[PDB]
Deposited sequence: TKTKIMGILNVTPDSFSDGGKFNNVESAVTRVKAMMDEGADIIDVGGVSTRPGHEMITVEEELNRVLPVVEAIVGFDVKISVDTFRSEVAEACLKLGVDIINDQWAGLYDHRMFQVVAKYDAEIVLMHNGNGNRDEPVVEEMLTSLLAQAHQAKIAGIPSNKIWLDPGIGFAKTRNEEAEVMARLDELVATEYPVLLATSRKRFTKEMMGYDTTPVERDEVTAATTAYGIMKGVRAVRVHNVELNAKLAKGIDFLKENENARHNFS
């Protein structure tokens, strides 16, 4: 019933990572998204693995931002819960098998096809739904697949503005939607100037509120506390609204 808060942990110390994870859990993170990725599968594993081994025992879900089944599989043997795939299984078809094999969840982020024929929304829907079908025919449950519009990838300024004005249509596919705009160019431009990254937390929080109201079920963010608490408030307001209107 509650909006999930996926915290961002970029791994580009294991000790500092661990301390940061507890700090994030503390600020309200439901999922800790670890990511460290052109480098070698081996190099990617050299950065991501030591962290995953240290934090996977904690009482929080661990997502791993990777697009290669080899990185996803070593992580899943350690007990990881989600594979946040920026390519939506396009980069390595074997991602679907690795995930099915460990009864995990997977995020399918819209990416590629930058010079698309069709308008961005029809294309994103077509591609993402096509990837969802592949996930399932691999044996991954329907309810373990998330869709991500992929703000910041293979889309022009105009295309993303279109995508952000029609989030309801992605939500309408009934798959749980993860919004991930945090501190991106799109948020930089909401501010209207060349802001530094951190300066983008408040507009990012705006996307969270707006997205939750459009039906997004999770938000991927750098500033956990701000979004965790802004989301709590918005969730509260919608529920209160349903209650007082006897809407369900």
Problem set entry | Missing stretches, numbered from 1 on the deposited chain sequence and kept in order | 13-23, 49-55
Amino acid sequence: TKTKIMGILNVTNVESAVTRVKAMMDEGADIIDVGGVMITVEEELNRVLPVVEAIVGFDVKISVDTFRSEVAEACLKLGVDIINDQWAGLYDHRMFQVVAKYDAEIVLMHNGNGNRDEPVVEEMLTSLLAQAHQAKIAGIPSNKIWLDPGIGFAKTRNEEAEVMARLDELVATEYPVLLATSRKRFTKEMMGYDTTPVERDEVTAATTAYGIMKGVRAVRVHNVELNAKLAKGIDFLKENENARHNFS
From here on, numbers count along this sequence of modelled residues.
Exercise. On average, which has the higher Cα B-factor in the deposited entry, 210-218 or 41-49?
Worked result: 41-49
Exercise. Of 160-168 and 94-102, which one has the bigger average CA B-factor?
Worked result: 94-102
For this session: Could you tell me which one of 174, 85, 148, 123 shows the highest CA temperature factor in the PDB record?
Result: 174
For this session: Tell me which of 11, 18, 231, 237 tops the list for C-alpha B factor in the record.
Result: 11
Problem set entry | Lowest, middle or highest third - CA B-factor, residue 59 | lowest
Exercise. Can you tell me which third, lowest, middle or highest, the CA B-factor of residue 34 falls into for its chain?
Worked result: lowest
Seminar exercise, completed: Of the three thirds of Cα B-factor ranks in this chain, residue 76 occupies the middle
Seminar exercise, completed: residue 181: CA temperature factor from the record, placed by chain third, in the highest
Seminar exercise, completed: Assert third(CA B-factor, residue 204) within chain per record equals lowest
